[PDB]
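Chemist: Mind looking over this structure? Questions follow.
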Amino acid sequence: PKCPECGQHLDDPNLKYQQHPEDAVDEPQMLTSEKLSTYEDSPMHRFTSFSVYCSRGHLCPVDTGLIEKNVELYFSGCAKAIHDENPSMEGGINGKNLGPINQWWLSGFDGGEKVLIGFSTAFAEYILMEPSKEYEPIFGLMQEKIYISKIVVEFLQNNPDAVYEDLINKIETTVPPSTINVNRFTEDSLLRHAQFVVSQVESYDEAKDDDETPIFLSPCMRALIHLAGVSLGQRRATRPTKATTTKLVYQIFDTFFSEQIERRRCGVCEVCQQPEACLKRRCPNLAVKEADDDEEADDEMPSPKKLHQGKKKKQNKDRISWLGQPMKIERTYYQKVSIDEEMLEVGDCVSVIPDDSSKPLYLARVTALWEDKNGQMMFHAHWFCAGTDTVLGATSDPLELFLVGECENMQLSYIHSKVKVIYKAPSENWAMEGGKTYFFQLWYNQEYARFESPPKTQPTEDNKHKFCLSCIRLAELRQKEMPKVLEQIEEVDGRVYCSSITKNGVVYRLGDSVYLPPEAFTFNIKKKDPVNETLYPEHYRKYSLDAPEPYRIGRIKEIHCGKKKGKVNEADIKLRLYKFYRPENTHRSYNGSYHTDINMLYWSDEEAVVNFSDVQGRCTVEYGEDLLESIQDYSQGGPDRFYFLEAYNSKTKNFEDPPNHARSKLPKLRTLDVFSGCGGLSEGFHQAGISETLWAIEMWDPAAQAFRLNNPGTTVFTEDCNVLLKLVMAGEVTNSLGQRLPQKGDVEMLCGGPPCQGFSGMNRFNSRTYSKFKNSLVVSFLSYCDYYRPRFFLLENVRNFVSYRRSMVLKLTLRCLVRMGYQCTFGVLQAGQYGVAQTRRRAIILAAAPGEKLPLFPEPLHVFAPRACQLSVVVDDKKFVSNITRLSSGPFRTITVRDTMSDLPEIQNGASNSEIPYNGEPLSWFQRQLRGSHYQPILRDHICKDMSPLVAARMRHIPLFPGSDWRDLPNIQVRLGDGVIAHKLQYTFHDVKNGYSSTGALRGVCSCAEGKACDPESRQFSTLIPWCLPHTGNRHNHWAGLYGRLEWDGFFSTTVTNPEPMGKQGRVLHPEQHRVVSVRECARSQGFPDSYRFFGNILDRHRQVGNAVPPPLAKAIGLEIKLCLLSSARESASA
Ligand SMILES: C[S@@+](CC[C@H](N)C(=O)[O-])C[C@H]1O[C@@H](n2cnc3c(N)ncnc32)[C@H](O)[C@@H]1O
Ligand SMILES: [Zn+2]
Ligand SMILES: [Zn+2]
Ligand SMILES: [Zn+2]
Ligand SMILES: [Zn+2]
């Protein structure tokens, strides 16, 4: 038996009937009392000992949505005076069956604890005080709900941009008062109250209306919305940073504003059925999809076609005649000057009108003037590239031109008029400067988006008549690309035996070792039964390319080649090689790769023949015994350095000793690291031996402290970068704390990874979004670069920095750098490829001052999964790429979760001891490198979060097999150990898309499985299999990774900052232990030396680590900067 009015079961042991006080009088008579007397018209009163009930007398909730379901709810209690704060029945009248509740409402989400609950009846408004004794429990739940909603709203007011893991932490960390009858809130609570908490958050946005992003569109909010099946639109209750800039950087972003700066409704929701004073009827479902789609980018496009190819229109027929004496003969007669009505000579710039279509106007430099054998008057046009046409596009000066590698021969007829083109050469004192017609400053490589300093030059008397930089460039590159023979010995048949050969600038002699693709050669080569679906209801969801092999290494035995005509055929150069085996290439296979050095090989008496084309590169394979420094010293002393100690017999499968023929300063830049963090980037740079961070700016206390702990001789300014620059600029010498502020000339290198959050969107710019970016940390960072003028500059960000705002963020960043006079470029890199068991891409912007060399991007060292290696960037329908050629392969095997952490001693959930013995030697190569040569007793930071008794129970129950997650959890009752019992999941609905179990059991956890609306209180909580997972699984790929364990042969899905099992940071459970990953494990996943110090509480340390640039990637970049210094160091020393 149930209620026809409210639906409560009569058998329900929690049912309670309405009990009235003697003094009970109807509403109109109560709203007549003398006892009774803020901008409203109703009126308003206080109300105590309240009780809400159905027409039949059952006590009822108000949250449950019965008021909306047209059910008349009535209330009774003691009304009081608007100002009377006494929650005791002593000042008012007792009312009974007070008018059907029109609506209920809340107020109090800002500067106050004024969380007031109010009722609206057809007669007056009521501010509820204390409930009645019998109503207390029902109002109790309602209170728990409201309190969570407050915490969430307040947290989001001070922290938009907050991620799911921040929300969960804010909640779990907030101590509820005694008044709220709950110990502490968990993710279970939030999930349980996901519908209420979300709707109140939507309601806060309707009510407190600005122009700001609604709080329900928060990253954490949308994460909750997607995780817990929640219906949006359920309507309810009611009641400017200025970036420190240099004028040059101000103007750049100020002109873009004054120049280039100028509906799929759901139908179904309650906002979509709400007409119409009111302007906002904004669909919340559309709002989410839009916010979600703003987060994703469009990551296989053809090469961008060269400009000026291209048709041009001929001109004049008046008078064109040579002026003066010829410069030289060649079948061609070169001349310096030429009349075309007016004068024209070598070095003058001309304009050429194309075919009148998409007609900008072509501009070139007159490189040469001559008259061929056919009497045709000619000129060599070395083409310029406009302000637009470069990656910069619209962002550029309509007068700035760029030198490109585009030149062609043309008749003097095609010339329109001579144009004035000025070189905006850097000053005598350029580094100190920070604070009409055509001009050019830099050289543009289309393919790589490299803006660089011009060659300057030089024209010899031997080629003074021809001098084309664009021709010289193509020559050098044709010359370096061609396979040429250095020295030959004695030719045999058609084969000419050689002692040395060359390509790409690399010189290959005999005995030198070589890199080759895995296909280049070969070595001596070598169902499932039914599950108990009662126990595993979710397993059915389980259903429903990996890294290449590192390079083949071979030693050169014979450079034989072939021949065509009479002289040596360069098209055919061949090599006979002694094959080397990597330990994995042996009968050892996977067991080789483990404890073995990444760097070790095996000598083989095997032989192979490959073409010189296939050769990927040159490496150094030495024999272990004939070495003068330690294997470690030799190995960590230069690139492509391999080694062998034994030889492998593929036949006998044995390890014999090898045969006897198998046998045989840098300037540290003064760096300023803005947004320094705990110091990852500085560390890799320090590791490259190219820098010394003397200044670091870090706004967050824990990170700045962790930086100091690792960089003792560094002035760490625990400040906001904007305020720090303002001081220097104001003329200040030291900060408040008496710390010496760096002045112009002090900074040689300025590097930094500003956080996104501000800009952080994909859709087109607008007055609102532009203003935020106009004062972003990217803008503050560019000013630091402007003011300081470092020899080198690095900006680091999330890969998507390159896609944000229709690539406008990247274009304005590059624009700025160019204005300032800097050679600059961008590129994407994958951490994984640099020796870290983690899949993470970063956008990297490189800039170097004129005088210096613009560095190339590092070549990948480790082979990584192709899917993780999409390094290309589309800007304005053009696919940009970096100098990286190793697409594809690499010299070393992939770093795995095993290589990363297999040595660390066992810990449990909530492991709190920061200093513990290792109780074991390193096992992997990577472990050896991160642990050091010198023995250290203390293992620091093998500390992991204390997960709730529910989450802990879940982790214990996730199997150990690779790729096991939530779907593997058993549907069993678990004693949590606090009296609390993790319950079995109830499947009471038909999942129409998923079908029945093998047993014929239902797969439905909510009514929405059947296509009907969600039935609340059909919602389950504190279950081992989370209810929210089956609930939304179908529309979210079954929540694949959730409660999933990292794989030993796998890697980290991303940079983890707060390990949460149903979070947005990928597989976070340890491969074997019933816990989430420890701080130190994340530190290892990042490639931090074990000596690296961290500061603060567990989460501050987790944040520190995950925010960091992995030192291996930082070192890779740092080592490209090494070449640039060494190269510019020698090119300085001369006559
Ligand atoms: C993602 S981290 C960069 C990581 C760092 N490059 C590393 O390798 O460790 C961003 C850092 O910038 C700091 N930050 C944010 N706003 C800042 C500001 N206005 N001035 C200085 N630092 C700021 C943050 O507290 C955070 O440490
Ligand atoms: Zn009832
Ligand atoms: Zn809608
Ligand atoms: Zn040329
Ligand atoms: Zn549902």
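Letters A, B, ... mark the chains of the structure tokens in the order given; residue numbers begin at 1 per chain; ligand numbers begin at 1, in order shown.
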Identify, on the basis of only C-alpha atoms, every residue whose closest approach to residue A:317 does not exceed 8 Å; exclude the query and any residue fewer than 2 positions from it along the same chain; express the result as a ChimeraX atom specification.
Modeler: /A:315,319,413
Chemist: Hey, what's within 12 Å of residue A:459 if we count only C-alpha atoms and toss same-chain stuff fewer than 2 positions away? As a ChimeraX atom specification, please?
Modeler: /A:346-347,367,455-457,461-469,472
Chemist: For the residues in the current selection, export N, CA and C atoms as a JSON list (two decimals), in the first residue's frame.
Modeler:
[["chain", "number", "residue", "atom", "x", "y", "z"],
["A", 346, "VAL", "N", 70.90, 46.21, -60.36],
["A", 346, "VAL", "CA", 71.05, 45.08, -59.43],
["A", 346, "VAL", "C", 70.96, 45.57, -57.96],
["A", 347, "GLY", "N", 70.02, 44.99, -57.21],
["A", 347, "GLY", "CA", 69.75, 45.33, -55.82],
["A", 347, "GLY", "C", 68.50, 46.18, -55.62],
["A", 367, "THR", "N", 68.04, 40.52, -58.71],
["A", 367, "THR", "CA", 69.24, 39.76, -58.40],
["A", 367, "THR", "C", 70.26, 39.87, -59.53],
["A", 455, "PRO", "N", 71.37, 35.93, -44.18],
["A", 455, "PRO", "CA", 72.79, 35.48, -44.18],
["A", 455, "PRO", "C", 73.93, 36.50, -44.14],
["A", 456, "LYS", "N", 73.68, 37.72, -44.62],
["A", 456, "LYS", "CA", 74.61, 38.87, -44.70],
["A", 456, "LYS", "C", 76.15, 38.63, -44.99],
["A", 457, "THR", "N", 76.59, 38.02, -46.13],
["A", 457, "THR", "CA", 75.89, 37.39, -47.27],
["A", 457, "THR", "C", 76.79, 36.26, -47.86],
["A", 461, "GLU", "N", 83.63, 38.90, -56.12],
["A", 461, "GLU", "CA", 83.79, 39.53, -57.44],
["A", 461, "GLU", "C", 83.47, 38.50, -58.54],
["A", 462, "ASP", "N", 83.70, 37.21, -58.24],
["A", 462, "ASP", "CA", 83.44, 36.04, -59.07],
["A", 462, "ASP", "C", 81.93, 35.81, -59.36],
["A", 463, "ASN", "N", 81.03, 36.26, -58.45],
["A", 463, "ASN", "CA", 79.57, 36.19, -58.57],
["A", 463, "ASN", "C", 78.89, 37.45, -57.95],
["A", 464, "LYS", "N", 79.22, 38.61, -58.51],
["A", 464, "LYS", "CA", 78.76, 39.95, -58.13],
["A", 464, "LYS", "C", 77.59, 40.34, -59.04],
["A", 465, "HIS", "N", 77.56, 39.71, -60.22],
["A", 465, "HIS", "CA", 76.61, 39.88, -61.30],
["A", 465, "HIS", "C", 75.38, 38.95, -61.17],
["A", 466, "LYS", "N", 75.50, 37.87, -60.38],
["A", 466, "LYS", "CA", 74.48, 36.84, -60.20],
["A", 466, "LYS", "C", 73.85, 36.76, -58.79],
["A", 467, "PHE", "N", 74.54, 37.32, -57.77],
["A", 467, "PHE", "CA", 74.23, 37.19, -56.34],
["A", 467, "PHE", "C", 72.77, 37.02, -55.82],
["A", 468, "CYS", "N", 72.33, 35.73, -55.74],
["A", 468, "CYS", "CA", 71.03, 35.32, -55.23],
["A", 468, "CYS", "C", 71.15, 34.38, -54.05],
["A", 469, "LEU", "N", 70.77, 34.90, -52.88],
["A", 469, "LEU", "CA", 70.76, 34.16, -51.62],
["A", 469, "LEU", "C", 69.84, 32.92, -51.71],
["A", 472, "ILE", "N", 71.73, 30.32, -53.66],
["A", 472, "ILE", "CA", 72.79, 29.76, -52.81],
["A", 472, "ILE", "C", 72.22, 28.77, -51.79]]
Chemist: Could the residues that lie within 7 Å of ligand 1, counting only C-alpha atoms and all ligand atoms, be listed as a list in words?
Modeler: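 Taking only C-alpha atoms and all ligand atoms into account, the residues around ligand 1 at most 7 Å away are residues 674, 675, 676, 677, 678, 679, 680, 681, 682, 697, 698, 699, 700, 703, 719, 720, 721, 722, 752, 753, 754, 755, 777, 1104, 1107, 1108, 1109 and 1110 of chain A.
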Chemist: When you look at stretch 596-612 of chain A with a cut-off of 8 Å (counting only C-alpha atoms), what residues show up, excluding the ones that are within fewer than 5 positions of it in the same chain? I need them as number ranges by chain.
Modeler: A: 483, 520-521, 572-583, 635, 641-649, 658, 662, 892-893, 924-925
Chemist: Let me see the file: selected residues, C-alpha atoms, as an mmCIF file, in the first residue's frame.
Modeler:
data_model
loop_
_atom_site.group_PDB
_atom_site.id
_atom_site.type_symbol
_atom_site.label_atom_id
_atom_site.label_comp_id
_atom_site.auth_asym_id
_atom_site.auth_seq_id
_atom_site.Cartn_x
_atom_site.Cartn_y
_atom_site.Cartn_z
ATOM 1 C CA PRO A 483 75.170 10.974 -51.379
ATOM 2 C CA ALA A 520 66.608 -3.102 -43.599
ATOM 3 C CA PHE A 521 67.675 -6.590 -42.401
ATOM 4 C CA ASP A 572 73.884 3.256 -55.954
ATOM 5 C CA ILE A 573 76.165 3.174 -52.881
ATOM 6 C CA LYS A 574 75.874 -0.067 -50.894
ATOM 7 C CA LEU A 575 77.136 -1.270 -47.470
ATOM 8 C CA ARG A 576 78.101 -4.693 -46.152
ATOM 9 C CA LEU A 577 77.649 -4.781 -42.361
ATOM 10 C CA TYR A 578 78.231 -6.909 -39.278
ATOM 11 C CA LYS A 579 74.793 -7.019 -37.591
ATOM 12 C CA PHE A 580 74.399 -6.045 -33.896
ATOM 13 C CA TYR A 581 71.682 -7.564 -31.687
ATOM 14 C CA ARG A 582 69.806 -5.544 -29.104
ATOM 15 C CA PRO A 583 69.137 -7.866 -26.021
ATOM 16 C CA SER A 635 77.472 6.595 -22.427
ATOM 17 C CA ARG A 641 76.875 6.198 -28.034
ATOM 18 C CA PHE A 642 76.178 2.400 -27.796
ATOM 19 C CA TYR A 643 78.324 -0.544 -26.519
ATOM 20 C CA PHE A 644 78.909 -4.346 -26.562
ATOM 21 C CA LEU A 645 80.768 -6.592 -24.093
ATOM 22 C CA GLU A 646 79.962 -10.056 -25.502
ATOM 23 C CA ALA A 647 79.083 -11.589 -28.867
ATOM 24 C CA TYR A 648 75.964 -13.652 -29.678
ATOM 25 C CA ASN A 649 75.956 -16.988 -31.584
ATOM 26 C CA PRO A 658 83.875 -11.039 -29.379
ATOM 27 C CA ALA A 662 85.267 -6.243 -33.402
ATOM 28 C CA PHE A 892 66.178 3.547 -28.113
ATOM 29 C CA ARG A 893 63.360 1.286 -26.902
ATOM 30 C CA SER A 924 65.901 -0.902 -14.856
ATOM 31 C CA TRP A 925 68.351 1.310 -16.791
#
Chemist: When the cut-off is 12 Å and you count only C-alpha atoms and all ligand atoms, which residues lie near ligand 5, shown as an MDAnalysis selection string?
Modeler: chainID A and resid 195 226:231 989:991 1004:1020 1027:1035
Chemist: Report, in Å with one decimal, the straight-line distance from atom CA of residue A:540 to atom CA of residue A:998.
Modeler: 9.8 Å
Chemist: Skip stretch 531-538 of chain A itself and residues of its chain fewer than 4 positions away, then list as an MDAnalysis selection string all residues within 9 Å of it, counting only C-alpha atoms.
Modeler: chainID A and resid 542 966:972 997:999 1001 1003 1025 1030
Chemist: Could those residues be written to a file, using N, CA, C and O atoms, as a PDB file, in the first residue's frame?
Modeler:
ATOM      1  N   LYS A 542      33.596  -4.778 -21.396  1.00  0.00           N
ATOM      2  CA  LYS A 542      35.024  -4.935 -21.708  1.00  0.00           C
ATOM      3  C   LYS A 542      35.259  -5.097 -23.183  1.00  0.00           C
ATOM      4  O   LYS A 542      36.289  -4.674 -23.688  1.00  0.00           O
ATOM      5  N   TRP A 966      37.129  -0.696 -13.673  1.00  0.00           N
ATOM      6  CA  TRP A 966      35.857  -0.771 -12.966  1.00  0.00           C
ATOM      7  C   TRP A 966      35.005  -1.930 -13.441  1.00  0.00           C
ATOM      8  O   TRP A 966      34.463  -2.628 -12.605  1.00  0.00           O
ATOM      9  N   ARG A 967      34.979  -2.188 -14.753  1.00  0.00           N
ATOM     10  CA  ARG A 967      34.188  -3.238 -15.399  1.00  0.00           C
ATOM     11  C   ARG A 967      34.499  -4.610 -14.861  1.00  0.00           C
ATOM     12  O   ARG A 967      33.697  -5.530 -15.038  1.00  0.00           O
ATOM     13  N   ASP A 968      35.647  -4.751 -14.171  1.00  0.00           N
ATOM     14  CA  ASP A 968      36.057  -6.029 -13.584  1.00  0.00           C
ATOM     15  C   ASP A 968      35.613  -6.203 -12.163  1.00  0.00           C
ATOM     16  O   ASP A 968      35.632  -7.321 -11.687  1.00  0.00           O
ATOM     17  N   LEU A 969      35.147  -5.133 -11.505  1.00  0.00           N
ATOM     18  CA  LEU A 969      34.688  -5.170 -10.119  1.00  0.00           C
ATOM     19  C   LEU A 969      33.606  -6.195  -9.872  1.00  0.00           C
ATOM     20  O   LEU A 969      32.711  -6.331 -10.711  1.00  0.00           O
ATOM     21  N   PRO A 970      33.642  -6.919  -8.730  1.00  0.00           N
ATOM     22  CA  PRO A 970      32.562  -7.887  -8.442  1.00  0.00           C
ATOM     23  C   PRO A 970      31.302  -7.256  -7.776  1.00  0.00           C
ATOM     24  O   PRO A 970      31.408  -6.317  -6.989  1.00  0.00           O
ATOM     25  N   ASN A 971      30.099  -7.757  -8.093  1.00  0.00           N
ATOM     26  CA  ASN A 971      28.875  -7.216  -7.466  1.00  0.00           C
ATOM     27  C   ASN A 971      28.654  -7.929  -6.149  1.00  0.00           C
ATOM     28  O   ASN A 971      27.906  -8.914  -6.085  1.00  0.00           O
ATOM     29  N   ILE A 972      29.406  -7.497  -5.121  1.00  0.00           N
ATOM     30  CA  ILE A 972      29.411  -8.124  -3.803  1.00  0.00           C
ATOM     31  C   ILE A 972      29.352  -7.092  -2.702  1.00  0.00           C
ATOM     32  O   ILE A 972      29.792  -5.942  -2.879  1.00  0.00           O
ATOM     33  N   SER A 997      21.781 -10.450 -19.629  1.00  0.00           N
ATOM     34  CA  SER A 997      23.007 -11.145 -19.218  1.00  0.00           C
ATOM     35  C   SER A 997      22.905 -12.582 -19.698  1.00  0.00           C
ATOM     36  O   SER A 997      21.851 -12.979 -20.179  1.00  0.00           O
ATOM     37  N   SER A 998      23.977 -13.368 -19.536  1.00  0.00           N
ATOM     38  CA  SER A 998      23.999 -14.784 -19.916  1.00  0.00           C
ATOM     39  C   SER A 998      22.966 -15.565 -19.100  1.00  0.00           C
ATOM     40  O   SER A 998      22.384 -16.542 -19.584  1.00  0.00           O
ATOM     41  N   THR A 999      22.689 -15.056 -17.905  1.00  0.00           N
ATOM     42  CA  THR A 999      21.714 -15.612 -16.976  1.00  0.00           C
ATOM     43  C   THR A 999      20.276 -15.128 -17.282  1.00  0.00           C
ATOM     44  O   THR A 999      19.323 -15.683 -16.751  1.00  0.00           O
ATOM     45  N   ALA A1001      19.524 -11.971 -16.605  1.00  0.00           N
ATOM     46  CA  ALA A1001      19.382 -10.879 -15.649  1.00  0.00           C
ATOM     47  C   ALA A1001      19.379  -9.541 -16.410  1.00  0.00           C
ATOM     48  O   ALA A1001      19.863  -9.476 -17.539  1.00  0.00           O
ATOM     49  N   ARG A1003      20.297  -5.528 -17.300  1.00  0.00           N
ATOM     50  CA  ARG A1003      21.545  -4.761 -17.287  1.00  0.00           C
ATOM     51  C   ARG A1003      21.297  -3.261 -16.976  1.00  0.00           C
ATOM     52  O   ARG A1003      22.224  -2.439 -17.081  1.00  0.00           O
ATOM     53  N   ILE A1025      30.421  -1.409  -7.282  1.00  0.00           N
ATOM     54  CA  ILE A1025      30.393  -0.993  -8.688  1.00  0.00           C
ATOM     55  C   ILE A1025      29.690   0.376  -8.617  1.00  0.00           C
ATOM     56  O   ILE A1025      28.529   0.450  -8.174  1.00  0.00           O
ATOM     57  N   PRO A1030      27.491   2.355 -14.849  1.00  0.00           N
ATOM     58  CA  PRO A1030      26.514   1.744 -15.750  1.00  0.00           C
ATOM     59  C   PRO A1030      25.551   2.824 -16.261  1.00  0.00           C
ATOM     60  O   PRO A1030      25.303   2.901 -17.486  1.00  0.00           O
TER      61      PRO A1030
END
Chemist: What is the atom CA of residue A:289-atom CA of residue A:213 distance in Å, reported with one decimal?
Modeler: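 The value is 14.4 Å.
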Chemist: Which residue gives the smallest distance to ligand 4 among A:1119, A:377, A:404, A:152, with only C-alpha atoms and all ligand atoms counted?
Modeler: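 Smallest separation from ligand 4 among the options: A:404.
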Chemist: Would you name the residues within 12 Å of ligand 2, counting only C-alpha atoms and all ligand atoms, and put them as a ChimeraX atom specification?
Modeler: /A:1-10,12,15-18,52-61,66,71-74
Chemist: Within 6 Å of ligand 4, counting only C-alpha atoms and all ligand atoms: which residues, as JSON, numbers by chain?
Modeler: {"A": [382, 407, 468, 470, 471]}
Chemist: Can those selected residues be exported to a file as a PDB file, in the first residue's frame so that it contains N, CA, C and O atoms?
Modeler:
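Saved result, again.pdb, follows:
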ATOM      1  N   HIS A 382      64.197  37.529 -57.110  1.00  0.00           N
ATOM      2  CA  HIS A 382      64.271  36.813 -55.841  1.00  0.00           C
ATOM      3  C   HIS A 382      63.111  37.379 -54.996  1.00  0.00           C
ATOM      4  O   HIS A 382      63.191  38.479 -54.428  1.00  0.00           O
ATOM      5  N   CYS A 407      62.824  32.124 -55.976  1.00  0.00           N
ATOM      6  CA  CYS A 407      63.411  32.922 -57.029  1.00  0.00           C
ATOM      7  C   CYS A 407      63.232  32.251 -58.401  1.00  0.00           C
ATOM      8  O   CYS A 407      63.230  31.022 -58.520  1.00  0.00           O
ATOM      9  N   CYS A 468      72.335  35.734 -55.736  1.00  0.00           N
ATOM     10  CA  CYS A 468      71.027  35.324 -55.226  1.00  0.00           C
ATOM     11  C   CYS A 468      71.152  34.384 -54.052  1.00  0.00           C
ATOM     12  O   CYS A 468      71.515  33.202 -54.211  1.00  0.00           O
ATOM     13  N   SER A 470      68.683  33.074 -52.403  1.00  0.00           N
ATOM     14  CA  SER A 470      67.700  32.014 -52.594  1.00  0.00           C
ATOM     15  C   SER A 470      68.249  30.915 -53.491  1.00  0.00           C
ATOM     16  O   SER A 470      67.848  29.752 -53.360  1.00  0.00           O
ATOM     17  N   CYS A 471      69.189  31.278 -54.380  1.00  0.00           N
ATOM     18  CA  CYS A 471      69.840  30.302 -55.235  1.00  0.00           C
ATOM     19  C   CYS A 471      70.921  29.575 -54.456  1.00  0.00           C
ATOM     20  O   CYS A 471      70.982  28.349 -54.529  1.00  0.00           O
TER      21      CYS A 471
END
Chemist: Contacts of residue A:270 at 8 Å or less, counting only C-alpha atoms, minus same-chain residues fewer than 6 places along, as a list in words?
Modeler: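 The contact residues come out as residues 233, 234 and 235 of chain A.
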Chemist: Residues at most 12 Å from residue A:301, counting only C-alpha atoms, excluding those fewer than 4 positions away in the same chain, as a ChimeraX atom specification?
Modeler: /A:305,870,872-875,877-881
Chemist: Enumerate as a ChimeraX atom specification the residues within 6 Å of ligand 3, counting only C-alpha atoms and all ligand atoms.
Modeler: /A:265-269,271-272,283-285
